[PDB]
Amino acid sequence: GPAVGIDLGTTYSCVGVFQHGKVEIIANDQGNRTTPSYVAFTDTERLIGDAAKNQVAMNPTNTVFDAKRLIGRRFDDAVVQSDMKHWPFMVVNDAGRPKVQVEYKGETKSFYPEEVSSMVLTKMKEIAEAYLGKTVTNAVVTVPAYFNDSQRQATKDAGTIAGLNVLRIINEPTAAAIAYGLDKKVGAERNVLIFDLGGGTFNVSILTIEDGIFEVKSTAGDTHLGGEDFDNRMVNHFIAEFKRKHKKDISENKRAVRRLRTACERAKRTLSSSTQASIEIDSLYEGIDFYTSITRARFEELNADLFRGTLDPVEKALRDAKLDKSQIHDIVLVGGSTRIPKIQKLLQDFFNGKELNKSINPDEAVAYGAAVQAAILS
Ligand SMILES: Nc1ncnc2c1ncn2[C@@H]1O[C@H](COP(=O)(O)OP(=O)(O)O)[C@@H](O)[C@H]1O
Ligand SMILES: [Mg+2]
């Protein structure tokens, strides 16, 4: 079986495979090229991926996500302490290590973060196998550039327990560069800027590549900024609209909100190609059908400050790396949020018209690069 490339992401994961000089990003059962990093436990089963995320509104306490934020970390970790204040599931201490606690088939069960991730990993593995029509064993898994050795270890472990022989763990930005071929030797130093705006995390990385060797000269971003924050803004906006229109506040009804959010995220994706999208929700609150729409202009207006602030981490990355806009040779877009027009304009304007690398789907770039790296490693 060919070695595969796996992007084990915070909110979305992707698997690609190099074959006949071409990289193929493998779609899942539902036909999507990326699958949510969600795991849900019920009375009768364990749901992973889309099936899992498609019921989080119904089974909040038993639907686990954000496992990547826990992996390789300690319970006493300030990150963990701050984080768990927002997850609808339990995180318990176990001799220092944190564990997620769920109820599976009536009985209480706990899992180490690496076990949750191995579940997502097994899902990607069978997606690959379903496509290849053969067993996948070897793999290259990606990790953020800021991951310490514990976090890398845990990611490796998640692989082993998922039945995957992890050939190598490579940084996500480096995987993005390899996807565009920016790793080929041109007898000169090259500075690449990776602008990664995903589902819930934002990362900016400046790589220096000479002789084919990478050198992460600097990094920046925000671990709590992503496409989900843009969704929230739409939600708050629509909650206020429903109120004016029906003098009812649906805030308390978690289900109404969760369904509205799902409609928003979808409208958001449509907004990246169309100037407006309709929000059609049957029986949102009580028996009131919420039928409305948003325009790209209003969308951009709701997230203006968020979008604009995206440039601060870019300026920081520059000054830390000791470079000026003029010195960065290539800029590659990574993450599903970079498909947003305003974000592309804004970044280009900042780099005074410089062309942006974006021919490869941004949310598939890391997988793409890992698959290539897997191919050379085997
Ligand atoms: N067309 C699009 N326009 C805007 N956002 C998009 C689009 N397609 C996907 N996204 C967003 O990308 C995010 C997922 O990004 P992705 O990079 O796949 O995840 P991760 O951050 O987990 O690595 C979600 O917030 C999703 O709404
Ligand atoms: Mg990502």
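Residues numbered from 1 in each chain as written, not as in the entry; some residues may be left out. Chains lettered and ligands numbered in written order. Heavy atoms only, no water.

X-ray crystallography is the method the PDB entry lists for this structure, together with a resolution of 2.18 Å.

(A) Region of the structure containing the pairing of strand 9 (residues 97–104). Inspection of the sheet shows strand 8 (residues 90–94) paired to strand 9 by five bridges, in the antiparallel sense. Considered in strand 9, the bridge of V91 is made with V100. The turn linking strand 8 back onto strand 9 is made up of two residues, and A95 within it adopts a positive phi angle of 55°. Direction of pairing for strand 9 relative to strand 10 (residues 107–111): antiparallel, over a ladder of five bridges. Paired with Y104 across the strands is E107, a residue of strand 10. (Pairing = 2+ DSSP bridges. Helix = DSSP H or I, 4+ residues; strand = E, 2+ residues; numbered from the N terminus.)

(B) Broad picture of unusual backbone geometry. Phi is positive for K105, which is not a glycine, with a value near 55°. With respect to the element layout, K105 can be found in the loop between strand 9 and strand 10. For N352, which is not a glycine, the phi torsion comes out positive at approximately 40°. Within the secondary structure layout, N352 lies in the loop between helix 10 (341–350) and helix 11 (365–377).

(C) Molecular detail of the packing of helix 6 (residues 227–246) against helix 8 (residues 296–309). Orientation of helix 6 relative to helix 8, taken along the N-to-C sense of each, is 130°, at an axis distance of 10 Å. Comparing the axis directions of helix 6 and helix 8 gives the class oblique. Our pair here, helix 6 against helix 8, has a crossing hand that is right-handed. Across the interface between the two elements, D229, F230, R233, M234 and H237 from helix 6 touch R298, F299, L302, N303, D305, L306 and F307 from helix 8. Within the contact of helix 6 with helix 8, the residues separate by chemical class into six nonpolar, two polar and four charged. (Axes fitted to C-alpha atoms, helices over the stretch in contact; angles between N-to-C directions. Parallel < 35°, antiparallel > 145°, perpendicular 65-115°, else oblique. Left-handed = near helix turned anticlockwise from the far one by under 90°. Contact = heavy atoms within 4.5 Å. Nonpolar A, V, L, I, M, F, W, Y, C, P; charged D, E, K, R; others polar.)

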